[PDB]
Amino acid sequence: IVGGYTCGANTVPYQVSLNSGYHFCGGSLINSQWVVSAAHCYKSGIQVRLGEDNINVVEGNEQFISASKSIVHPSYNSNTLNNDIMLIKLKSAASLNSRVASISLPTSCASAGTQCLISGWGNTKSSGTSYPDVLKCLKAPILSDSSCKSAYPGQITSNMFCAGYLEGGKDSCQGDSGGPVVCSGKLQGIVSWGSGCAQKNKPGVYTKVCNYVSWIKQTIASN
Ligand SMILES: N=C(N)c1ccc(Br)cc1
Ligand SMILES: [Ca+2]
């Protein structure tokens, strides 16, 4: 997260870290046994880390649970990043509390102008690299479809939306991949891609979760 603020320990209780010996992606807890992330975060041997603030220090509220199964969306296209969403089933159910909690799926799609919360442990600089150890937060609005398509001609599908600031300076970044975009208490987006980070006229692009609720519910019910 570039240009954000320190969230505060366990103030984003649905945020997960995906760990394969090191943090490599974010995710969102959607019930006690399932996590949603980006398909471009796929790999084998994932450990899901819940209840994290400082990802380099054991602070006492963590739960570490291995993944038993990962399911990439059947239509994910790694060249265009269309359908950039994946589900991860935990080997055992998390213990839910005030600091580890699930986030609700949306019943409708959020409109442009809605303010949302984006969070992650990704790069905090738009040039160079500096990775924080504690969770960062950013409040940002959803942008109109026309501004999004004007920023990225020929690249925005119906399964993507833009959020952020056309002036630059505030954005998600590498390492935030797969993490949540939460608006009005519902999961509306997944950190997916962008051109650089926090560049002028290049806002972040997010997977449009409301298009996938039926696939998520059917998949969870059968696996
Ligand atoms: N929002 C961005 N600018 C961005 C997000 C994820 C990745 Br990976 C790269 C860039
Ligand atoms: Ca920790």
# chains A, B, ... in the order shown; residues from 1 in each chain; ligands from 1
>>> residues_around(residues="residue 29 (chain A)", least_positions_apart="4", cutoff="6 Å", atoms="only C-alpha atoms", output="PyMOL selection string")
chain A and resi 14+35+102
>>> write_last_selection(atoms="C-alpha atoms", output="JSON list (two decimals), in the first residue's frame")
[["chain", "number", "residue", "atom", "x", "y", "z"],
["A", 14, "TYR", "CA", -10.81, -10.87, 7.74],
["A", 35, "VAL", "CA", -10.34, -18.00, 1.82],
["A", 102, "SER", "CA", -15.17, -13.57, 8.14]]
>>> select_by_dssp(residues="region 11-197 of chain A", states="strand (DSSP E)", output="ChimeraX atom specification")
/A:15-19,23-31,34-37,47-50,63-72,86-90,115-120,136-141,160-163,180-183,186-193
>>> residues_around(residues="region 120-123 of chain A", least_positions_apart="3", cutoff="12 Å", atoms="only C-alpha atoms", output="PyMOL selection string")
chain A and resi 1-7+12+14-18+22-28+52-56+117+126-138+170-181+190-191+196-198
>>> residues_around(residues="residue 147 (chain A)", least_positions_apart="4", cutoff="12 Å", atoms="only C-alpha atoms", output="ChimeraX atom specification")
/A:112-113,142-143,151-153,156,161-166,201-205
>>> write_last_selection(atoms="N, CA and C atoms", output="PDB file, in the first residue's frame")
ATOM      1  N   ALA A 112     -19.876   3.310  -8.637  1.00  0.00           N
ATOM      2  CA  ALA A 112     -18.812   4.298  -8.628  1.00  0.00           C
ATOM      3  C   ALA A 112     -19.117   5.380  -7.598  1.00  0.00           C
ATOM      4  N   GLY A 113     -18.073   5.856  -6.928  1.00  0.00           N
ATOM      5  CA  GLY A 113     -18.220   6.819  -5.868  1.00  0.00           C
ATOM      6  C   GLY A 113     -18.288   6.228  -4.477  1.00  0.00           C
ATOM      7  N   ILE A 142     -14.407   3.855  -5.518  1.00  0.00           N
ATOM      8  CA  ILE A 142     -14.568   3.188  -6.802  1.00  0.00           C
ATOM      9  C   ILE A 142     -14.723   4.243  -7.887  1.00  0.00           C
ATOM     10  N   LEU A 143     -14.016   4.054  -8.993  1.00  0.00           N
ATOM     11  CA  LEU A 143     -14.055   4.984 -10.109  1.00  0.00           C
ATOM     12  C   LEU A 143     -15.094   4.545 -11.136  1.00  0.00           C
ATOM     13  N   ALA A 151      -8.324   5.069 -18.606  1.00  0.00           N
ATOM     14  CA  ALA A 151      -6.981   4.908 -18.055  1.00  0.00           C
ATOM     15  C   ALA A 151      -6.261   3.713 -18.662  1.00  0.00           C
ATOM     16  N   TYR A 152      -6.998   2.658 -19.002  1.00  0.00           N
ATOM     17  CA  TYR A 152      -6.442   1.407 -19.517  1.00  0.00           C
ATOM     18  C   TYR A 152      -7.203   0.995 -20.768  1.00  0.00           C
ATOM     19  N   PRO A 153      -7.009   1.702 -21.879  1.00  0.00           N
ATOM     20  CA  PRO A 153      -7.770   1.380 -23.095  1.00  0.00           C
ATOM     21  C   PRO A 153      -7.561  -0.068 -23.514  1.00  0.00           C
ATOM     22  N   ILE A 156      -9.873  -3.373 -19.801  1.00  0.00           N
ATOM     23  CA  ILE A 156     -10.818  -3.525 -18.698  1.00  0.00           C
ATOM     24  C   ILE A 156     -11.992  -4.374 -19.173  1.00  0.00           C
ATOM     25  N   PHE A 161     -12.964  -3.616 -11.878  1.00  0.00           N
ATOM     26  CA  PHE A 161     -13.237  -2.200 -11.669  1.00  0.00           C
ATOM     27  C   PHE A 161     -11.973  -1.501 -11.206  1.00  0.00           C
ATOM     28  N   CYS A 162     -11.960  -0.187 -11.377  1.00  0.00           N
ATOM     29  CA  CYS A 162     -10.862   0.641 -10.907  1.00  0.00           C
ATOM     30  C   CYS A 162     -11.259   1.294  -9.597  1.00  0.00           C
ATOM     31  N   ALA A 163     -10.278   1.456  -8.719  1.00  0.00           N
ATOM     32  CA  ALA A 163     -10.465   2.225  -7.501  1.00  0.00           C
ATOM     33  C   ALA A 163      -9.176   2.966  -7.199  1.00  0.00           C
ATOM     34  N   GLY A 164      -9.311   4.145  -6.611  1.00  0.00           N
ATOM     35  CA  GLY A 164      -8.131   4.897  -6.250  1.00  0.00           C
ATOM     36  C   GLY A 164      -8.239   6.345  -6.675  1.00  0.00           C
ATOM     37  N   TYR A 165      -7.117   6.918  -7.114  1.00  0.00           N
ATOM     38  CA  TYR A 165      -7.002   8.356  -7.333  1.00  0.00           C
ATOM     39  C   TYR A 165      -6.255   8.590  -8.631  1.00  0.00           C
ATOM     40  N   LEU A 166      -6.893   9.295  -9.564  1.00  0.00           N
ATOM     41  CA  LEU A 166      -6.247   9.569 -10.838  1.00  0.00           C
ATOM     42  C   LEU A 166      -5.033  10.472 -10.677  1.00  0.00           C
ATOM     43  N   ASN A 201      -2.878   8.843 -13.361  1.00  0.00           N
ATOM     44  CA  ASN A 201      -3.772   8.312 -14.393  1.00  0.00           C
ATOM     45  C   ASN A 201      -3.705   6.791 -14.527  1.00  0.00           C
ATOM     46  N   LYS A 202      -3.162   6.087 -13.537  1.00  0.00           N
ATOM     47  CA  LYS A 202      -3.066   4.625 -13.572  1.00  0.00           C
ATOM     48  C   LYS A 202      -3.538   4.062 -12.234  1.00  0.00           C
ATOM     49  N   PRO A 203      -4.848   4.058 -11.990  1.00  0.00           N
ATOM     50  CA  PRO A 203      -5.362   3.551 -10.710  1.00  0.00           C
ATOM     51  C   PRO A 203      -5.260   2.035 -10.644  1.00  0.00           C
ATOM     52  N   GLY A 204      -5.478   1.503  -9.442  1.00  0.00           N
ATOM     53  CA  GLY A 204      -5.507   0.060  -9.272  1.00  0.00           C
ATOM     54  C   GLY A 204      -6.723  -0.574  -9.921  1.00  0.00           C
ATOM     55  N   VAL A 205      -6.553  -1.822 -10.377  1.00  0.00           N
ATOM     56  CA  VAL A 205      -7.619  -2.594 -11.008  1.00  0.00           C
ATOM     57  C   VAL A 205      -7.902  -3.801 -10.127  1.00  0.00           C
TER      58      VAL A 205
END
>>> closest_residue(among="A:38, A:71, A:101, A:30", to="ligand 1", atoms="only C-alpha atoms and all ligand atoms")
A:38
>>> closest_residue(among="A:209, A:103, A:86, A:9", to="residue 59 (chain A)", atoms="only C-alpha atoms")
A:9
>>> residues_around(residues="region 89-92 of chain A", least_positions_apart="4", cutoff="8 Å", atoms="only C-alpha atoms", output="list in words")
residues 33, 34, 35, 48, 65, 66, 67, 68, 69 and 70 of chain A
>>> write_last_selection(atoms="N, CA, C and O atoms", output="CSV table (one decimal), in the first residue's frame")
chain,number,residue,atom,x,y,z
A,33,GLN,N,-13.7,-21.9,7.0
A,33,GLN,CA,-12.9,-22.8,6.3
A,33,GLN,C,-12.4,-22.4,4.9
A,33,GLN,O,-11.7,-23.2,4.3
A,34,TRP,N,-12.8,-21.2,4.5
A,34,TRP,CA,-12.5,-20.9,3.1
A,34,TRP,C,-12.0,-19.4,3.0
A,34,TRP,O,-12.4,-18.5,3.7
A,35,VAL,N,-11.0,-19.3,2.1
A,35,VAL,CA,-10.3,-18.0,1.8
A,35,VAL,C,-10.5,-17.7,0.3
A,35,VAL,O,-10.4,-18.6,-0.5
A,48,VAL,N,-2.0,-20.6,5.4
A,48,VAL,CA,-2.8,-19.4,5.6
A,48,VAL,C,-2.6,-18.9,7.0
A,48,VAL,O,-2.6,-19.7,8.0
A,65,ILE,N,-2.8,-22.2,9.5
A,65,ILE,CA,-3.5,-23.3,9.0
A,65,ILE,C,-3.2,-23.6,7.6
A,65,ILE,O,-3.3,-22.8,6.7
A,66,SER,N,-2.7,-24.9,7.3
A,66,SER,CA,-2.4,-25.2,5.9
A,66,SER,C,-3.6,-25.3,5.0
A,66,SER,O,-4.7,-25.6,5.5
A,67,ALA,N,-3.4,-25.1,3.7
A,67,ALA,CA,-4.5,-25.2,2.7
A,67,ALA,C,-4.6,-26.7,2.3
A,67,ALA,O,-3.6,-27.4,2.2
A,68,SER,N,-5.8,-27.2,2.2
A,68,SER,CA,-6.0,-28.6,1.7
A,68,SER,C,-6.3,-28.6,0.2
A,68,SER,O,-6.0,-29.6,-0.4
A,69,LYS,N,-6.8,-27.5,-0.3
A,69,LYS,CA,-7.2,-27.5,-1.7
A,69,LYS,C,-7.3,-26.1,-2.2
A,69,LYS,O,-7.6,-25.2,-1.4
A,70,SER,N,-6.8,-25.9,-3.4
A,70,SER,CA,-7.0,-24.6,-4.1
A,70,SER,C,-7.8,-24.8,-5.4
A,70,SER,O,-7.6,-25.8,-6.1
>>> decode(residues="region 126-146 of chain A", atoms="N, CA and C atoms", output="mmCIF file, in the first residue's frame")
data_model
loop_
_atom_site.group_PDB
_atom_site.id
_atom_site.type_symbol
_atom_site.label_atom_id
_atom_site.label_comp_id
_atom_site.auth_asym_id
_atom_site.auth_seq_id
_atom_site.Cartn_x
_atom_site.Cartn_y
_atom_site.Cartn_z
ATOM 1 N N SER A 126 6.332 4.099 -4.453
ATOM 2 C CA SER A 126 6.021 4.060 -5.880
ATOM 3 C C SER A 126 7.269 3.938 -6.746
ATOM 4 N N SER A 127 8.433 4.304 -6.215
ATOM 5 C CA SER A 127 9.723 4.026 -6.832
ATOM 6 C C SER A 127 10.618 3.411 -5.768
ATOM 7 N N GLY A 128 11.318 2.344 -6.125
ATOM 8 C CA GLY A 128 12.051 1.593 -5.129
ATOM 9 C C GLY A 128 11.129 0.679 -4.344
ATOM 10 N N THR A 129 11.695 0.047 -3.313
ATOM 11 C CA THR A 129 10.961 -0.947 -2.546
ATOM 12 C C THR A 129 11.181 -0.732 -1.057
ATOM 13 N N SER A 130 10.092 -0.818 -0.296
ATOM 14 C CA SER A 130 10.159 -0.849 1.162
ATOM 15 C C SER A 130 8.946 -1.633 1.637
ATOM 16 N N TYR A 131 9.182 -2.771 2.233
ATOM 17 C CA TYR A 131 8.044 -3.586 2.625
ATOM 18 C C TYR A 131 7.791 -3.433 4.109
ATOM 19 N N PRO A 132 6.565 -3.104 4.500
ATOM 20 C CA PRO A 132 6.254 -2.951 5.914
ATOM 21 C C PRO A 132 6.038 -4.308 6.552
ATOM 22 N N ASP A 133 6.199 -4.332 7.857
ATOM 23 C CA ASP A 133 5.901 -5.567 8.552
ATOM 24 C C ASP A 133 4.504 -5.579 9.154
ATOM 25 N N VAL A 134 3.867 -4.420 9.315
ATOM 26 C CA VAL A 134 2.534 -4.339 9.897
ATOM 27 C C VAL A 134 1.543 -3.932 8.816
ATOM 28 N N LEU A 135 0.274 -4.255 9.055
ATOM 29 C CA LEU A 135 -0.737 -4.124 8.008
ATOM 30 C C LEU A 135 -1.028 -2.655 7.711
ATOM 31 N N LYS A 136 -1.086 -2.317 6.422
ATOM 32 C CA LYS A 136 -1.392 -0.971 5.956
ATOM 33 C C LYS A 136 -2.806 -0.915 5.395
ATOM 34 N N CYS A 137 -3.411 0.269 5.486
ATOM 35 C CA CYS A 137 -4.788 0.499 5.071
ATOM 36 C C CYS A 137 -4.869 1.697 4.138
ATOM 37 N N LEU A 138 -5.870 1.685 3.260
ATOM 38 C CA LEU A 138 -6.096 2.812 2.358
ATOM 39 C C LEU A 138 -7.587 2.944 2.103
ATOM 40 N N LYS A 139 -8.122 4.146 2.276
ATOM 41 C CA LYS A 139 -9.491 4.423 1.878
ATOM 42 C C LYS A 139 -9.479 5.008 0.473
ATOM 43 N N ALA A 140 -10.299 4.447 -0.413
ATOM 44 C CA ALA A 140 -10.301 4.891 -1.800
ATOM 45 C C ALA A 140 -11.682 4.693 -2.402
ATOM 46 N N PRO A 141 -12.089 5.560 -3.322
ATOM 47 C CA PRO A 141 -13.377 5.391 -3.996
ATOM 48 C C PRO A 141 -13.283 4.501 -5.223
ATOM 49 N N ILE A 142 -14.407 3.855 -5.518
ATOM 50 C CA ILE A 142 -14.568 3.188 -6.802
ATOM 51 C C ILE A 142 -14.723 4.243 -7.887
ATOM 52 N N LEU A 143 -14.016 4.054 -8.993
ATOM 53 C CA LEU A 143 -14.055 4.984 -10.109
ATOM 54 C C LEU A 143 -15.094 4.545 -11.136
ATOM 55 N N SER A 144 -15.577 5.518 -11.906
ATOM 56 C CA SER A 144 -16.539 5.205 -12.950
ATOM 57 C C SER A 144 -15.911 4.283 -13.986
ATOM 58 N N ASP A 145 -16.759 3.465 -14.607
ATOM 59 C CA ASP A 145 -16.293 2.579 -15.665
ATOM 60 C C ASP A 145 -15.633 3.358 -16.798
ATOM 61 N N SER A 146 -16.118 4.569 -17.086
ATOM 62 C CA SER A 146 -15.558 5.334 -18.197
ATOM 63 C C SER A 146 -14.155 5.838 -17.878
#
